[PDB]
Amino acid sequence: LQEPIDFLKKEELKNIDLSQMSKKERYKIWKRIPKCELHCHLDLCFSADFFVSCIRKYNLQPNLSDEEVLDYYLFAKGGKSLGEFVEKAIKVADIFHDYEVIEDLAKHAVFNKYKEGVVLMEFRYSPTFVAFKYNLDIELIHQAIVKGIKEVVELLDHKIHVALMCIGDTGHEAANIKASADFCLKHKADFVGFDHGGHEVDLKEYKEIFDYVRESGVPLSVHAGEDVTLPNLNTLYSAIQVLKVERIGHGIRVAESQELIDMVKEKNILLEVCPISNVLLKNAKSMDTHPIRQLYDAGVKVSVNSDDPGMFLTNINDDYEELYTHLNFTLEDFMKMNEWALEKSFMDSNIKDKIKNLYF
């Protein structure tokens, strides 16, 4: 009995010398890490090849080459801020033409995570973000995503487990947090959590909406402590103290306050760190100086996530490579962070226990 990837067992880790290896050989090791990913936006999760196929299926950029398409739409070379990312992402919504492309996107998103060695996958998406460009029905968007994920998961005999979060977001046409919350609870059978992304806002002004979702048994993980241009850390305090989140999207600015470090440790909150995203968006000065190292050393629970493989033309194993090369993270660290990720995942505990017994 065998599968394509020979996943790494924690007993085997000491026999692997990464110092011997070329980048190519390292990536074969990163692929074999049984990965649990908590923060990936399905609606911006795709390969370059998939993205360009969409643009050409609907004849959207006839005067542009394949490479010019990627430069025009995506964020692979990075930019100046989170604000610049959010506007760029709005252009990408050109591919949300119909429910068939959305299903295909979902299918290819799941399949590539499987190929990359992800065993536990919490995808998240924004109904309103997917719906606005072509005025789609969020009920049918959701139907397409659920169908695409289910079809690939069943084809793969559940060798990758996938769960879904709903994002209420700010920064695009037809954004609506309340409506997203209602939609999330309407489909709570399919959603394991609720999130806020886009522009980083102080979410205490939506206290009522988040209380209602949380109290309904849908746990919260929101984007907070990402955007370094904000003049204080109020969004982090509101996420932790008002929203009572179990996890924080990014949360890297927690590193700037000993009070917040102590608070997140005390409350067993996990920071869903997205290294490449932070660097490309200039929320970290460089990978050498990425806060994850200080946070890891400080005893804070952190995990590795890819965020937007489509926007950055990267995948999860790249984020692993960068942490190893620039910040000397080890296989033992990576295994530990993935077990934390498993523990803090919003997935059904029965499923999570099988994954734990199978890989950890």
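The first residue of the sequence shown is number 1, and the count goes up from there. Definition used throughout: the rigid core is the maximal C-alpha set that superposes within 1.5 Å between two forms.
Greater C-alpha displacement in 4 other deposited structures of this protein (rigid core superposition, RMS over structures and residues), of 174-182 versus 259-267: 174-182.
139-147 and 74-82 differ in mean CA B-factor, and the higher of the two is recorded for 74-82.
Highest C-alpha temperature factor among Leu155, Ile160, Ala189, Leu271, as the PDB entry reports it: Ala189. Compared with the other modelled residues of the chain, the Cα B-factor recorded for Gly217 ranks in the highest third. Split the chain's modelled residues into thirds by C-alpha temperature factor. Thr325 is in the lowest one. In this PDB entry, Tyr296 carries a Cα temperature factor that places it within the middle third of its chain's modelled residues. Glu343: CA B factor in the middle third of modelled residues in this chain (values from the PDB entry). In this PDB entry, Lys336 carries a Cα temperature factor that places it within the middle third of its chain's modelled residues.
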